[PDB]
């Protein structure tokens, strides 16, 4: 059943499956990141960035990417980066997240870059920025992570 759906509801679902398809093709991937397709990558320099293409799926009634999704993008770049600095087997959880929505998210993609400010045995402070498919800063933020210790 797909009869009634318009253009926008067309790919807003097409991609939902390219992802549910991609999430199957490999574990360790989470749902929320699977659909939005927040692809994490590493350049030939060793750098790291979590950019993602903008689709009607991520916008709001103001037609700009959801601040909350931009939040999640930054949270990821920062989360995945933190985990890298941890011994094998360990994980971190976001303690505090502070975002500064500089400019509106629009265009092809958003790009997120993170950087460790200070790493402690328990708490890790990180800064990070989200740019546009061009270069303007969409958001800037920092946050704190804790080395998970499940009871």
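Residue numbers count along the first chain shown, from 1.
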- prompt: Mean C-alpha B factor from the entry: is it higher for 125-133 or for 11-19?
  reply: 11-19
- request: Could you check the entry and say whether 89-97 or 22-30 has the higher mean CA B-factor?
  value: 22-30
query: In this PDB entry, which of 110, 82, 64, 102 has the top CA B-factor?
result: 64
Entry-reported Cα temperature factor of residue 60, expressed as the chain third it lands in: highest
field: CA B-factor ranking of residue 118, expressed as a third of its chain
entry: lowest
